[PDB]
Structures are given as structure tokens and as C-alpha cells.
Amino acid sequence: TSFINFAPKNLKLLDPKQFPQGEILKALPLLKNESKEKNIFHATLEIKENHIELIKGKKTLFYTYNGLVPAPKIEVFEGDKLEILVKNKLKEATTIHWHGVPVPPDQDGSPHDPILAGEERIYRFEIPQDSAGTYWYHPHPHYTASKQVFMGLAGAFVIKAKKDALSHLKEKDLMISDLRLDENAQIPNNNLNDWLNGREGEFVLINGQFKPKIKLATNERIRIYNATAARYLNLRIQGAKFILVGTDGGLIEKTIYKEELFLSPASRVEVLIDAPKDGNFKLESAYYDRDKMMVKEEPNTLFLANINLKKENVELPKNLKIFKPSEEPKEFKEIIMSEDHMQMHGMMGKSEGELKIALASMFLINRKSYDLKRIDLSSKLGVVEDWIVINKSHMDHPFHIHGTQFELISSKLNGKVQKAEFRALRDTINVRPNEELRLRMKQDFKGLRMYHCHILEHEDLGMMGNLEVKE
Ligand SMILES: [Cu+2]
Ligand SMILES: [Cu+2]
Ligand SMILES: [Cu+2]
Ligand SMILES: [Cu+2]
């Protein structure tokens with residue numbers, strides 16, 4: 001439990017007036033392709049500490065990809081062949097997980113295959129047909145994923161089709177992260193509440209920028225990334241609506257119109273914005289009560305950014321994407337997410353050391369904590385399965401499974417059933433307290449996969465298991 005560090009008690013945080021704000025939103029920098037061959041993407045990611053003059057007077061220590069905040073975006077096409085050299089220049093082990101991207105387990109940066117401090121690894125994989133979607137990359141080492149993210153390590157990863165219903169549209173990225181700064185402009189350690197609830201950095205950023213001015217138009221294909229450790233968003237633009245056109249694993253069948261867009265941690269969508277006319281709007285997130293513990297919160301709306309919106313009509317087809325007929329499942333899995341508050345009650349009498357033990361045995365899957373060495377579940381290569389994911393705890397947890405996209409079939413809550421509102425492919429899904437979800441998927445590569453809560457602090461505290469995929 002040496003990975004559990006608590007911030008100083010009554011740590012004072014930075015005054016938000018000191019944080020640069022109100023700037024025009026910039027596009028993410030792209031990770032340069034070192035190769036000139038057709039359909040070949042070659043590049044290098046260095047993972048390193050850097051000191052950034054963000055707050056006047058002060059240098060802020062970040063962990064970065066290629067020394068950049070925000071990180072370089074990877075953008076490739078279906079059918080491309082990728083090779084990325086990754087150099088770990090941190091003083092601790094790390095990995096890169098291509099979150100949601102269908103790659104073989106040995107190319108996917110799980111805590112089984114760490115990159116030690118001072119070493120390097122090459123990741124190599126093909127971009128499959130039909131994999132167009134909106135993904136991201138971030139660390140997944142044992143125990144320290146939450147700190148490495150909160151230090152700055154998260155980047156965009158997009159797979160494009162050579163041609164699809166929206167591929168002629170100009171694109172925009174709204175990559176949403178969050179950042180905590182102390183009174184001396186440094187990124188502090190988690191406190192107890194962050195470990196219990198998942199850490200939410202007070203400064204919520206879009207492409208690394210605080211309260212920016214965004215120029216958008218209604219004929220743009222906008223990718224939105226919830227790249228936070230634990231923050232639930234319920235996005236809205238009063239006076240406008242979202243036209244949902246895609247989820248993690250790409251386009252959906254038909255436009256879905258939404259006044260609010262719920263985006264739990266690690267989820268991504270593609271949207272257009274609809275409004276009747278040109279205008280100036282505000283991007284906000286409505287408070288979502290996720291039953292955080294030891295916190296009484298103001299149910300406040302979070303303001304994220306100003307949007308200057310240009311109205312341009314755009315032709316949208318009747319069908320965005322033709323989905324394959326749903327396949328029949330042949331085996332079934334059950335995932336129970338739960339918590340043990342045996343200990344933690346009597347918070348009052350515990351030393352720092354005993355809180356750490358409590359935290360480490362608290363967040364469970366199928367009544368167990370993560371064991372790096374234990375195979376929890378086994379599935380057959382290429383076989384369609386339904387996974388029944390149930391949340392028996394008092395608080396939301398977003399479920400993630402590596403290696404595949406799944407389709408929500410149906411959900412149940414409070415003794416009632418709701419069939420999915422539309423077919424979509426996701427790799428991460430919120431599970432409400434007492435809710436039961438039915439998720440259809442298959443695994444197309446042999447080897448080990450994890451599945452876990454994607455509130456990063458819960459994952460690091462053991463809310464995770466191992467899946468073995470065999471022939
Ligand atoms: Cu992830
Ligand atoms: Cu993942
Ligand atoms: Cu993971
Ligand atoms: Cu959780």
C-alpha cells in the first residue's frame with residue numbers, strides 16, 4: 001500500500017483567478033508520422049517529467065507525453081499498420097493502454113507488461129476494418145495509474161474510416177481533463193476523499209485550457225472525450241442541442257437528438273451541435289449525484305467554456321452506419337461490483353496506516369480484490385457472450401473491459417427493465433447503484449484482458465479482475 005499517499009492536511013489550493021483563462025481553444029497537436037509509406041504510421045512517445053510555467057512566478061511539474069500538455073493526438077485510418085516506440089523516462093514503471101482500441105493483449109499496456117524506469121518498448125498493431133471511433137491513450141501500470149493520469153498523462157487517439165457518412169465534415173476535438181493545483185501551483189497527492197470517490201481536479205480543462213473561448217459551427221463533427229479520472233459530466237448548451245452521431249466504437253445507426261449528454265469517466269462521443277441561428281452559448285455540465293462519500297457538495301452547475309456558434313446547414317443521411325444484425329450470445333458472464341465498509345466505519349480511530357489497509361480491501365469485483373496473478377474468468381476466442389454487470393454498491397462505477405467494444409442490450413434498475421434506447425458500441429459504461437446491465441461482446445485475440453471500474457482510484461485500490469481468452 002506504498003502507492004497510497006495522502007496530501008498534507010488542510011492543504012490550500014490555488015485561487016482560480018491565477019489560472020490562465022478565456023483564451024481561444026486550440027486544436028490538439030498531432031503526433032507526427034515518421035513514416036512516408038502509404039498506410040504506415042510510425043512514431044515515438046517519450047514519457048517524461050517537465051516543468052511548465054502555467055501560473056506566473058511558478059514552474060509546475062507535470063508528467064507528459066513528448067513534453068506536451070495537452071498530449072499529442074494520434075490519428076490513423078482503418079487498415080493502417082502502426083508502430084510506436086515508447087520510452088519511459090520517469091523514475092517509476094508505466095504502460096500505455098490504447099483505451100478501447102482493438103489490439104492484441106501483448107500490444108496493449110496492461111500491468112502484466114510494464115515498462116520499467118529508463119527502458120523502452122515498441123507497440124505494433126494493425127488498425128482493423130470497421131474500428132473507426134474515438135479513443136484515448138493513458139497509463140495502466142499496477143497501483144499508480146491514478147497518479148500518472150492526475151500528473152498529466154492522457155492523450156487523444158482517433159481511428160478514421162477512409163470514407164463514412166460524416167468523413168467530409170471538418171472535425172473538432174473537445175478533450176476534457178481535470179487538474180488540481182495547490183497554493184504553490186504544484187499537483188498534489190490524493191486526499192482520503194479522492195481515494196474513496198475518485199479524484200476530481202478542480203480545474204476542468206478542454207485541450208489543456210481553462211474556461212476557453214471555442215469557435216464551432218453546426219456542420220462540424222465534434223469528438224468529445226471524458227478523459228478524467230472520476231468526473232461525471234452531464235453536458236448541455238442551453239439554447240442548443242447535441243446531435244449524437246457516434247460513441248466509443250464509432251458511428252451509431254441514426255442521429256439521436258439530446259438536450260443533455262451524460263458522459264461518465266473515460267467515455268467518448270461524436271456529436272454535431274444544433275441551434276436555430278448564429279449565437280454565443282455556454283458549455284456547461286449539470287451536477288450529477290453519484291453518491292460520493294464523506295462529501296456534502298453544492299449541486300452546482302459547472303461552467304466549462306464559451307461557444308461562439310456559426311449556423312451552417314449540413315446534409316445528414318437517413319442512416320449514419322448500417323449495423324450488422326445482432327448476433328446470438330453463446331455464453332454468459334456475471335460481474336458484481338461491490339464495496340466493503342466493514343472497516344472505514346470507525347474512521348475516527350484509525351491511524352494513517354490502517355486507513356490504507358481499509359482502502360485496499362474495500363472495492364470489489366465478484367467479492368474479490370485484484371490479484372495480478374489470478375485468472376478470474378475465461379472466455380473463448382471469437383465467441384459472442386453476454387456479460388451481466390451489476391452494481392450492488394451505493395455509488396456509481398463506470399465498467400470498462402479491455403480488448404473489445406460491447407453493445408448495451410438492456411438495463412434494469414429498481415425492479416424495472418429498460419431496453420437500450422439505440423444500438424451503440426462502447427468500451428466503458430456507467431453502472432448506477434443497484435443497476436443491472438446486459439452487454440454483448442466477443443474477444444478476437446487470445447491472451448489476458450482486464451476489466452475494472454474506470455474510476456482510476458478504485459482500479460488502483462483493486463476493483464479489477466483478469467479475463468483469459470483462449471482458442
Ligand atoms: Cu482506460
Ligand atoms: Cu482500457
Ligand atoms: Cu484498464
Ligand atoms: Cu468504482
# chains A, B, ... in the order shown; residues from 1 in each chain; ligands from 1

call {"tool": "residues_near_ligand", "arguments": {"ligand": "ligand 1", "cutoff": "7 Å", "atoms": "only C-alpha atoms and all ligand atoms", "output": "ChimeraX atom specification"}}
result
/A:97,99,138,266,454

call {"tool": "write_last_selection", "arguments": {"atoms": "C-alpha atoms", "output": "PDB file, in the first residue's frame"}}
result
ATOM      1  CA  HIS A  97      -3.069   1.486 -22.837  1.00  0.00           C
ATOM      2  CA  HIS A  99      -8.140   2.620 -24.455  1.00  0.00           C
ATOM      3  CA  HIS A 138      -3.193   6.734 -20.878  1.00  0.00           C
ATOM      4  CA  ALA A 266     -13.423   7.564 -19.867  1.00  0.00           C
ATOM      5  CA  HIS A 454     -12.687   3.068 -14.502  1.00  0.00           C
TER       6      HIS A 454
END

call {"tool": "select_by_dssp", "arguments": {"residues": "range 204-421 of chain A", "states": "helix (DSSP H, G or I)", "output": "PyMOL selection string"}}
result
chain A and resi 347-349+352-360

call {"tool": "residues_near_ligand", "arguments": {"ligand": "ligand 3", "cutoff": "12 Å", "atoms": "only C-alpha atoms and all ligand atoms", "output": "number ranges by chain"}}
result
A: 95-101, 105, 108-112, 136-143, 145-146, 229, 266, 398-404, 427-428, 448-460, 462-466

call {"tool": "atom_distance", "arguments": {"atom1": "CA of residue 71 in chain A", "atom2": "CA of residue 32 in chain A"}}
result
12.1 Å

call {"tool": "residues_around", "arguments": {"residues": "residue 343 in chain A", "least_positions_apart": "2", "cutoff": "9 Å", "atoms": "only C-alpha atoms", "output": "ChimeraX atom specification"}}
result
/A:340-341,345-347,355,357-359,362

call {"tool": "residues_around", "arguments": {"residues": "residue 325 in chain A", "least_positions_apart": "2", "cutoff": "12 Å", "atoms": "only C-alpha atoms", "output": "JSON, numbers by chain"}}
result
{"A": [253, 322, 323, 327, 328, 407, 423]}

call {"tool": "write_last_selection", "arguments": {"atoms": "N, CA and C atoms", "output": "PDB file, in the first residue's frame"}}
result
ATOM      1  N   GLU A 253     -26.494   4.118 -35.604  1.00  0.00           N
ATOM      2  CA  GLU A 253     -27.266   3.869 -36.795  1.00  0.00           C
ATOM      3  C   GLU A 253     -27.889   5.120 -37.374  1.00  0.00           C
ATOM      4  N   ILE A 322     -24.806   1.372 -41.244  1.00  0.00           N
ATOM      5  CA  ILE A 322     -25.596   0.148 -41.247  1.00  0.00           C
ATOM      6  C   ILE A 322     -24.942  -0.862 -40.273  1.00  0.00           C
ATOM      7  N   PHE A 323     -25.656  -1.223 -39.208  1.00  0.00           N
ATOM      8  CA  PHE A 323     -25.110  -2.138 -38.203  1.00  0.00           C
ATOM      9  C   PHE A 323     -25.379  -3.558 -38.661  1.00  0.00           C
ATOM     10  N   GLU A 327     -25.923 -10.575 -33.141  1.00  0.00           N
ATOM     11  CA  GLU A 327     -25.603 -11.990 -33.041  1.00  0.00           C
ATOM     12  C   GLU A 327     -26.101 -12.586 -31.711  1.00  0.00           C
ATOM     13  N   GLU A 328     -26.470 -13.872 -31.736  1.00  0.00           N
ATOM     14  CA  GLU A 328     -26.997 -14.578 -30.567  1.00  0.00           C
ATOM     15  C   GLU A 328     -25.838 -14.889 -29.602  1.00  0.00           C
ATOM     16  N   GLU A 407     -21.998  -4.000 -26.874  1.00  0.00           N
ATOM     17  CA  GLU A 407     -23.265  -3.361 -27.171  1.00  0.00           C
ATOM     18  C   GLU A 407     -24.204  -3.487 -25.995  1.00  0.00           C
ATOM     19  N   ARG A 423     -28.856   1.082 -30.633  1.00  0.00           N
ATOM     20  CA  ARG A 423     -27.664   0.258 -30.674  1.00  0.00           C
ATOM     21  C   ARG A 423     -26.403   1.146 -30.740  1.00  0.00           C
TER      22      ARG A 423
END

call {"tool": "residues_around", "arguments": {"residues": "range 231-246 of chain A", "least_positions_apart": "4", "cutoff": "8 Å", "atoms": "only C-alpha atoms", "output": "compact mmCIF listing (two decimals) with C-alpha atoms, in the first residue's frame"}}
result
# COMPACT_ATOMS: atom_id res chain seq x y z
CA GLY A 133 -14.07 5.56 -33.45
CA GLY A 198 -12.07 9.07 -7.40
CA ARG A 199 -10.08 12.29 -7.71
CA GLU A 200 -11.72 15.29 -9.35
CA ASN A 226 -14.26 12.44 -20.96
CA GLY A 250 -17.81 4.75 -33.84
CA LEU A 251 -20.98 5.90 -35.58
CA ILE A 252 -24.45 4.82 -34.41
CA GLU A 253 -27.27 3.87 -36.79
CA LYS A 254 -29.16 7.17 -36.86
CA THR A 255 -28.92 10.68 -35.36
CA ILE A 256 -30.09 10.82 -31.74
CA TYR A 257 -31.08 14.26 -30.52
CA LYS A 258 -30.13 15.12 -26.91
CA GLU A 259 -30.59 18.25 -24.80
CA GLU A 260 -28.20 16.80 -22.19
CA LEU A 261 -25.36 14.41 -22.78
CA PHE A 262 -24.30 12.13 -19.95
CA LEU A 263 -20.61 11.22 -20.28
CA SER A 264 -19.13 9.25 -17.44
CA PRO A 265 -15.35 8.91 -16.86
CA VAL A 269 -18.84 10.57 -28.31
CA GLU A 270 -19.12 12.21 -31.71
CA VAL A 271 -21.71 14.93 -31.96
CA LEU A 272 -22.96 17.78 -34.05
CA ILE A 273 -24.46 20.89 -32.41
CA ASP A 274 -27.84 22.11 -33.47
CA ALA A 275 -29.12 25.60 -32.85
CA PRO A 276 -31.54 27.68 -34.98
CA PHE A 281 -23.58 29.91 -25.97
CA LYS A 282 -22.09 28.29 -22.84
CA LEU A 283 -20.91 24.76 -22.47
CA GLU A 284 -21.92 23.57 -19.01
CA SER A 285 -22.19 20.33 -17.02
CA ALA A 286 -25.22 19.78 -14.77
CA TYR A 287 -24.50 18.33 -11.35
CA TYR A 288 -24.87 14.54 -11.24
CA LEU A 320 -25.20 7.09 -40.48
CA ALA A 424 -24.11 1.55 -29.98

call {"tool": "closest_residue", "arguments": {"among": "A:88, A:313, A:197, A:267", "to": "ligand 4", "atoms": "only C-alpha atoms and all ligand atoms"}}
result
A:197

call {"tool": "select_by_dssp", "arguments": {"residues": "range 251-364 of chain A", "states": "strand (DSSP E)", "output": "tab-separated table (two decimals) with N, CA, C and O atoms, in the first residue's frame"}}
result
chain	number	residue	atom	x	y	z
A	251	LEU	N	-19.64	5.37	-35.29
A	251	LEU	CA	-20.98	5.90	-35.58
A	251	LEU	C	-22.11	4.98	-35.07
A	251	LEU	O	-21.98	3.72	-35.05
A	252	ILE	N	-23.25	5.58	-34.75
A	252	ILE	CA	-24.45	4.82	-34.41
A	252	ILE	C	-25.32	4.76	-35.67
A	252	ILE	O	-24.90	5.27	-36.73
A	253	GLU	N	-26.49	4.12	-35.60
A	253	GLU	CA	-27.27	3.87	-36.79
A	253	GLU	C	-27.89	5.12	-37.37
A	253	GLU	O	-27.90	5.31	-38.61
A	254	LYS	N	-28.42	5.96	-36.48
A	254	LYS	CA	-29.16	7.17	-36.86
A	254	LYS	C	-28.90	8.28	-35.83
A	254	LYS	O	-28.56	8.03	-34.67
A	255	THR	N	-29.04	9.52	-36.27
A	255	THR	CA	-28.92	10.68	-35.36
A	255	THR	C	-29.83	10.54	-34.13
A	255	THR	O	-31.01	10.16	-34.26
A	256	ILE	N	-29.30	10.85	-32.95
A	256	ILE	CA	-30.09	10.82	-31.74
A	256	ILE	C	-30.00	12.23	-31.18
A	256	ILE	O	-28.90	12.75	-30.96
A	257	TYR	N	-31.14	12.89	-31.00
A	257	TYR	CA	-31.08	14.26	-30.52
A	257	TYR	C	-31.15	14.30	-28.99
A	257	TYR	O	-32.02	13.65	-28.41
A	258	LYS	N	-30.24	15.06	-28.37
A	258	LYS	CA	-30.13	15.12	-26.91
A	258	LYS	C	-29.93	16.53	-26.41
A	258	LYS	O	-29.01	17.21	-26.86
A	261	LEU	N	-26.14	15.56	-22.40
A	261	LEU	CA	-25.36	14.41	-22.78
A	261	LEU	C	-24.55	13.87	-21.61
A	261	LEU	O	-23.58	14.48	-21.19
A	262	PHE	N	-24.93	12.70	-21.15
A	262	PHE	CA	-24.30	12.13	-19.95
A	262	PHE	C	-23.01	11.41	-20.41
A	262	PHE	O	-23.07	10.54	-21.26
A	263	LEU	N	-21.87	11.76	-19.83
A	263	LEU	CA	-20.61	11.22	-20.28
A	263	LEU	C	-19.83	10.90	-19.02
A	263	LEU	O	-19.24	11.79	-18.37
A	268	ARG	N	-16.42	8.55	-24.64
A	268	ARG	CA	-16.23	9.48	-25.75
A	268	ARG	C	-17.44	9.41	-26.68
A	268	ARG	O	-18.10	8.36	-26.83
A	269	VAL	N	-17.74	10.54	-27.32
A	269	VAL	CA	-18.84	10.57	-28.31
A	269	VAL	C	-18.42	11.42	-29.51
A	269	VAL	O	-17.44	12.20	-29.41
A	270	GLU	N	-19.15	11.26	-30.62
A	270	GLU	CA	-19.12	12.21	-31.71
A	270	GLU	C	-20.49	12.87	-31.76
A	270	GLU	O	-21.55	12.20	-31.66
A	271	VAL	N	-20.47	14.17	-31.94
A	271	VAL	CA	-21.71	14.93	-31.96
A	271	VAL	C	-21.63	16.01	-33.03
A	271	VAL	O	-20.53	16.44	-33.41
A	272	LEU	N	-22.80	16.45	-33.50
A	272	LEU	CA	-22.96	17.78	-34.05
A	272	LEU	C	-23.79	18.63	-33.07
A	272	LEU	O	-24.53	18.10	-32.22
A	273	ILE	N	-23.69	19.94	-33.23
A	273	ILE	CA	-24.46	20.89	-32.41
A	273	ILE	C	-25.55	21.45	-33.29
A	273	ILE	O	-25.29	21.85	-34.42
A	274	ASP	N	-26.76	21.47	-32.77
A	274	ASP	CA	-27.84	22.11	-33.47
A	274	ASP	C	-28.37	23.32	-32.68
A	274	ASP	O	-28.63	23.24	-31.47
A	279	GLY	N	-24.85	32.29	-32.77
A	279	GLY	CA	-25.01	32.81	-31.41
A	279	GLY	C	-23.84	32.51	-30.50
A	279	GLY	O	-22.90	31.81	-30.88
A	280	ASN	N	-23.92	33.08	-29.30
A	280	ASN	CA	-22.94	32.86	-28.26
A	280	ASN	C	-23.59	32.06	-27.16
A	280	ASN	O	-24.63	32.46	-26.67
A	281	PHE	N	-23.00	30.92	-26.83
A	281	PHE	CA	-23.58	29.91	-25.97
A	281	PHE	C	-22.55	29.54	-24.89
A	281	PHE	O	-21.39	30.05	-24.90
A	282	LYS	N	-22.98	28.73	-23.93
A	282	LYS	CA	-22.09	28.29	-22.84
A	282	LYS	C	-22.17	26.80	-22.77
A	282	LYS	O	-23.27	26.22	-22.75
A	283	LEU	N	-20.99	26.19	-22.70
A	283	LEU	CA	-20.91	24.76	-22.47
A	283	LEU	C	-20.86	24.55	-20.95
A	283	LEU	O	-20.03	25.16	-20.25
A	284	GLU	N	-21.83	23.80	-20.44
A	284	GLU	CA	-21.92	23.57	-19.01
A	284	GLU	C	-22.11	22.07	-18.71
A	284	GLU	O	-22.42	21.30	-19.61
A	285	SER	N	-21.91	21.69	-17.46
A	285	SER	CA	-22.19	20.33	-17.02
A	285	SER	C	-23.07	20.39	-15.76
A	285	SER	O	-22.68	20.94	-14.74
A	302	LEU	N	-21.49	23.23	-13.48
A	302	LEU	CA	-20.14	23.59	-13.78
A	302	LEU	C	-20.10	24.29	-15.12
A	302	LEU	O	-20.51	23.73	-16.11
A	303	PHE	N	-19.59	25.51	-15.17
A	303	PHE	CA	-19.36	26.18	-16.45
A	303	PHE	C	-18.04	25.68	-17.01
A	303	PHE	O	-17.06	25.63	-16.28
A	304	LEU	N	-18.02	25.31	-18.29
A	304	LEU	CA	-16.81	24.79	-18.93
A	304	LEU	C	-16.17	25.72	-19.93
A	304	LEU	O	-14.95	25.79	-19.99
A	305	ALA	N	-16.99	26.40	-20.77
A	305	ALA	CA	-16.46	27.21	-21.87
A	305	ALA	C	-17.53	28.06	-22.52
A	305	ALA	O	-18.72	27.71	-22.48
A	306	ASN	N	-17.09	29.15	-23.16
A	306	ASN	CA	-17.92	29.93	-24.08
A	306	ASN	C	-17.87	29.32	-25.46
A	306	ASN	O	-16.81	28.87	-25.86
A	307	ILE	N	-19.00	29.26	-26.17
A	307	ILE	CA	-19.02	28.77	-27.51
A	307	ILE	C	-19.56	29.86	-28.42
A	307	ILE	O	-20.66	30.37	-28.19
A	308	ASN	N	-18.76	30.30	-29.39
A	308	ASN	CA	-19.35	31.09	-30.46
A	308	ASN	C	-19.73	30.13	-31.55
A	308	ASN	O	-18.86	29.40	-32.05
A	309	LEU	N	-21.01	30.07	-31.86
A	309	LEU	CA	-21.52	29.05	-32.78
A	309	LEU	C	-21.99	29.69	-34.09
A	309	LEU	O	-22.85	30.58	-34.10
A	310	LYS	N	-21.43	29.20	-35.19
A	310	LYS	CA	-21.84	29.61	-36.54
A	310	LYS	C	-22.85	28.60	-37.03
A	310	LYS	O	-22.56	27.39	-37.07
A	331	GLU	N	-22.35	-17.84	-24.55
A	331	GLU	CA	-22.05	-17.96	-23.13
A	331	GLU	C	-22.31	-16.68	-22.38
A	331	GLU	O	-22.47	-15.65	-22.95
A	332	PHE	N	-22.31	-16.78	-21.07
A	332	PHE	CA	-22.70	-15.66	-20.24
A	332	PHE	C	-21.74	-15.46	-19.08
A	332	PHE	O	-21.19	-16.41	-18.55
A	333	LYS	N	-21.56	-14.21	-18.71
A	333	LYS	CA	-20.72	-13.86	-17.60
A	333	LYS	C	-21.53	-13.02	-16.62
A	333	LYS	O	-22.49	-12.37	-17.02
A	334	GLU	N	-21.13	-13.01	-15.36
A	334	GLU	CA	-21.69	-12.12	-14.36
A	334	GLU	C	-20.59	-11.39	-13.61
A	334	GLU	O	-19.71	-12.02	-13.04
A	335	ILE	N	-20.68	-10.06	-13.61
A	335	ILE	CA	-19.76	-9.17	-12.90
A	335	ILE	C	-20.50	-8.44	-11.76
A	335	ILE	O	-21.36	-7.59	-12.04
A	336	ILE	N	-20.18	-8.73	-10.49
A	336	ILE	CA	-20.82	-7.97	-9.39
A	336	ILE	C	-19.88	-6.93	-8.82
A	336	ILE	O	-18.85	-7.28	-8.26
A	337	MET	N	-20.21	-5.66	-8.92
A	337	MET	CA	-19.35	-4.67	-8.34
A	337	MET	C	-19.89	-4.34	-6.94
A	337	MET	O	-21.09	-4.12	-6.77
A	338	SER	N	-19.02	-4.30	-5.95
A	338	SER	CA	-19.50	-4.10	-4.56
A	338	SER	C	-18.45	-3.36	-3.75
A	338	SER	O	-17.32	-3.13	-4.23
A	339	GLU	N	-18.82	-2.94	-2.54
A	339	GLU	CA	-17.88	-2.34	-1.60
A	339	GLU	C	-18.04	-2.96	-0.21
A	339	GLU	O	-19.11	-3.41	0.15
A	343	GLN	N	-14.62	-2.08	7.80
A	343	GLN	CA	-13.69	-1.01	8.15
A	343	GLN	C	-14.00	0.25	7.30
A	343	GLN	O	-14.62	0.15	6.23
A	344	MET	N	-13.55	1.40	7.79
A	344	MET	CA	-13.97	2.77	7.35
A	344	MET	C	-15.07	3.37	8.24
A	344	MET	O	-15.07	4.58	8.51
A	345	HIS	N	-16.02	2.53	8.66
A	345	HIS	CA	-16.85	2.85	9.80
A	345	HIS	C	-15.88	2.78	10.97
A	345	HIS	O	-15.12	1.82	11.10
A	346	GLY	N	-15.88	3.81	11.80
A	346	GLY	CA	-14.82	3.97	12.79
A	346	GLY	C	-13.56	4.53	12.12
A	346	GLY	O	-12.44	4.19	12.52
A	363	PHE	N	-13.01	-2.09	-2.42
A	363	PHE	CA	-13.69	-2.01	-3.71
A	363	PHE	C	-13.49	-3.35	-4.43
A	363	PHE	O	-12.36	-3.70	-4.78
A	364	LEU	N	-14.59	-4.08	-4.61
A	364	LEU	CA	-14.55	-5.48	-5.01
A	364	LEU	C	-15.23	-5.80	-6.34
A	364	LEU	O	-16.21	-5.15	-6.71

call {"tool": "atom_distance", "arguments": {"atom1": "CA of residue 383 in chain A", "atom2": "CA of residue 329 in chain A"}}
result
7.9 Å

call {"tool": "residues_around", "arguments": {"residues": "residue 436 in chain A", "least_positions_apart": "4", "cutoff": "8 Å", "atoms": "only C-alpha atoms", "output": "short mmCIF file (atom, residue, chain, number, x, y, z; two decimals) with C-alpha atoms, in the first residue's frame"}}
result
data_model
loop_
_atom_site.label_atom_id
_atom_site.label_comp_id
_atom_site.auth_asym_id
_atom_site.auth_seq_id
_atom_site.Cartn_x
_atom_site.Cartn_y
_atom_site.Cartn_z
CA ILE A 388 -24.35 -9.21 -16.84
CA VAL A 389 -22.84 -6.30 -14.97
CA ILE A 390 -24.41 -5.49 -11.60
CA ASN A 391 -23.67 -2.69 -9.18
CA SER A 411 -30.65 -2.48 -18.26
CA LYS A 412 -32.60 -2.93 -15.03
CA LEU A 413 -32.96 -0.59 -12.04
CA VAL A 431 -23.41 1.32 -13.78
#

call {"tool": "atom_distance", "arguments": {"atom1": "CA of residue 14 in chain A", "atom2": "CA of residue 182 in chain A"}}
result
4.9 Å

call {"tool": "closest_residue", "arguments": {"among": "A:130, A:297, A:291, A:248", "to": "ligand 2", "atoms": "only C-alpha atoms and all ligand atoms"}}
result
A:248

call {"tool": "closest_residue", "arguments": {"among": "A:461, A:179, A:45, A:437", "to": "residue 210 in chain A", "atoms": "only C-alpha atoms"}}
result
A:179
